[PDB]
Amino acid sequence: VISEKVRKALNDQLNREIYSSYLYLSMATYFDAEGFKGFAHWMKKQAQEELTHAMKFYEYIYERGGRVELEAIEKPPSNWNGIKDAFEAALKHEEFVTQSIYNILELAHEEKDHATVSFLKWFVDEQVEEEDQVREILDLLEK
């Protein structure tokens, strides 16, 4: 059974993944307003991906005997200064998500919760892949 400290950290991260989904959807509203169909499609796909992350947290919290509490979702920005600016904001946000997950990992290690440590490995690896994808696009578009 997860300690209340770890359950709160996971529930917090659940809410962060929801906001991530919303933020990527907002980036899609920007790209679509400009007619950048392909980049909008990229963002809508990532928004759906972030929802599956949230639900994986959701189901793990209930497997470990905890409960999920949904919080208010902040209004995301709706405008950026071009393609590169939007993707740089995406990368900055993913780096914040990576740091948040690592803080849960450290908490789980402290409490010797080796089930949460194992559950999080998938997300450490997926953040690497996501960060690399965004860097790959920024490098493609450079100068």
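So that there is no doubt, residue numbering starts at 1 and follows the sequence shown.
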property: Residue stretch of maximal mean CA temperature factor, 39 to 47 vs 105 to 113; result: 105 to 113
property: Comparing 80 to 88 with 24 to 32, the one whose average Cα B-factor in the PDB entry is higher; result: 80 to 88
property: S118 - Cα temperature factor, lowest/middle/highest third of chain; result: highest
property: Among modelled residues of the same chain, the CA temperature factor third for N15; result: lowest
property: Third assignment of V1 from its chain's C-alpha B-factors; result: highest
